[PDB]
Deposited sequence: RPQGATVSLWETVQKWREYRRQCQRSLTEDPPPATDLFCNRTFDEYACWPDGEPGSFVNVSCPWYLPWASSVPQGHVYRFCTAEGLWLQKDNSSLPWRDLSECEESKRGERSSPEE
């Protein structure tokens, strides 16, 4: 079984890679993009207005080998805002990344 410490270490590496991406990725094509962010779970890039944004299941997951084709989703509204839950948190679908 994968230990808590092993998962914590890989999560820290994932967070560090995310912060490199947030700093290094080129600016969006326009200001109407939803803005990149790290929500403690997934690393989100800039979002195209009016489109779903898909990110691979975070590779630090203990069961990541069981969901290799899965994606976590956000929705970027036409006004450049991440879709919000009715909670003031962004809408998120993690179903493809849940443990089998």
Problem - Parts of the chain sequence, as deposited, that carry no C-alpha coordinates in this structure - result: 1 to 5, 92, 107 to 116
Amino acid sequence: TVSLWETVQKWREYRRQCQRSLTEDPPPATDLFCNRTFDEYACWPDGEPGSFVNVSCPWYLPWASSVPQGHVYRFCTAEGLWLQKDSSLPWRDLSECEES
From here on, numbers count along this sequence of modelled residues.
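Between two forms, the rigid core is defined as the largest C-alpha subset superposing within 1.5 Å.
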Exercise for the section: Name the stretch, 12 to 20 or 87 to 95, whose C-alpha atoms sit farther from the shown form on average in 8 other deposited structures of this protein, taking the rigid core as the superposition reference. Expected result: 87 to 95
Practice task
Output the stretch, either 22 to 30 or 36 to 44, that has more C-alpha displacement from this form in 8 other deposited structures of this protein following superposition by the rigid core.
Solution key: 22 to 30
Fill in the blank from the handout: Going by the entry, of stretches 42 to 50 and 29 to 37 the one with greater average Cα B-factor is 29 to 37
Problem - Mean temperature factor over C-alpha atoms, higher-scoring stretch between 66 to 74 and 53 to 61 - result: 66 to 74
Completion exercise
Sorting the chain's modelled residues by C-alpha B-factor and splitting them into thirds places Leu4 in the middle
Problem - Where the record places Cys18 (Cα B-factor, split into thirds across the chain) - result: middle
